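Worksheet: the structure to be examined is printed underneath.
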Amino acid sequence: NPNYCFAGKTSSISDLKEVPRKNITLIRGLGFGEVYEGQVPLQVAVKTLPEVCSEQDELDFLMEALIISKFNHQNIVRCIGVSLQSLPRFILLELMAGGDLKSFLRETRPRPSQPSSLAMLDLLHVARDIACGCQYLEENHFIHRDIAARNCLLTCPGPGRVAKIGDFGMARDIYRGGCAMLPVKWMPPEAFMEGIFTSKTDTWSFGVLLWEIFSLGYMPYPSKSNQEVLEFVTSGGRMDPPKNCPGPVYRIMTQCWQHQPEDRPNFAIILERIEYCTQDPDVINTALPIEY
Ligand SMILES: C[C@H]1Oc2nc(cnc2N)-c2c(nc3ccc(C#N)cn23)CN(C)C(=O)c2ccc(F)cc21
């Protein structure tokens, strides 16, 4: 059985908390492999491994389980346990009732019917939450490689919501595919060119996430294909501010997208800047666009 190392500690499949299959009930589907809402009463999301899979899919599934179980931070989704001794195999995650962040932003956009559905402070709180998770990964020398709204989750739809990093599939793949599947629109120049990844890789991606958040869920680089973005970014091109985006917030984005990784902020600095934005009345009193 494959070993996993995080923060200098080794873990094995033996370390995963096996939950007896009889204690687990599926309730409804949520969305390779399926995801279900479930009960163990503790409410969970259940990732399943198709019984029709390759041995590599099996190892991938096991590794995903090891990776998430070894994290310990409030802004990374918890693993309640696994059910690997019955088929189909389950990974049991903290149930994030708010769903993924991208879908949330698109669905919760202010509208004439829901004029005050979201405010700048809601977005800054989401940004801070994920930056805190990223800081934890950084200080533990784990490179996420795919920081993007689709990979973040919310505890609940409502005001007290907390955002967390919820998917680690890219990092799992790299720990051990094709060009058309790479998250090019979230990657820095040295990443897709030399295949060099460092903590500053995640800083660049966080910048793109920030744009996703303040655009309220738009796809980055509107109207641009992957190759067009690659050439755009490699030549110094950067996204414009999202609609109504406060200058101080856009400025964090543009610092995250510095060409030289040494010139980009670490997450401690990003968190400090997000904090200062949240204090600034001119930032948080800015109205988000109302989509007609
Ligand atoms: C593996 C899956 O984990 C989870 N999904 C939801 C909630 N909690 C999870 N631990 C979750 C998702 N959508 C909804 C809708 C309603 C409710 C409730 N109640 C929960 N969810 C997102 N999703 C389908 C996903 O696969 C998805 C997308 C991104 C990600 F990072 C993780 C996940």
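The sequence shown runs 1093 to 1123, 1127 to 1135, 1144 to 1279, 1286 to 1401 under PDB author numbering. Ideal placement from N, C-alpha and C gives every residue a C-beta, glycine not left out.
query                                                                                                                         : result
Endpoints, the beta strand (DSSP E) within which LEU1257 is located                                                           : 1255-1257
At least 3 beta-carbon pairs within less than 8 Å: the region 1311-1322 vs the region 1246-1264                               : yes
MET1199 and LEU1118 closer than 8 Å at C-beta                                                                                 : no
Beta-carbon contacts of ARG1120 that lie in its chain and below 7 Å, excluding the five residues immediately before and after : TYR1131 and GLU1132
The region 1177-1194 contacting the region 1144-1155, beta-carbon criterion three pairs below 8 Å                             : yes
Closest residue to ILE1179 among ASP1232, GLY1304 and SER1314 (Cα-Cα distance)                                                : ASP1232
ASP1203 to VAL1147 span [Cα, whole Å]                                                                                         : 15 Å
Unbroken beta strand (DSSP E) run spanning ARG1120, endpoints                                                                 : 1117-1121
Cα-Cα separation, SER1334 to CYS1386                                                                                          : 32 Å
Cβ-heavy atom distance, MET1199 to ligand 3, below 7 Å                                                                        : Only ligand 1 can be found as ligands here, which leaves ligand 3 out of the picture.
Minimum C-alpha distance to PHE1315 - residue among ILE1379, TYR1327 and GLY1346                                              : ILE1379
Residues of its chain near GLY1184, where Cβ-Cβ distance is below 6 Å and the 5 sequence neighbours each way are ignored      : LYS1109, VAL1111 and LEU1195
Beta carbon of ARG1248 nearer than 8 Å to that of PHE1306                                                                     : yes
Three-way DSSP call (helix, strand, coil) for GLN1134 in this model                                                           : strand
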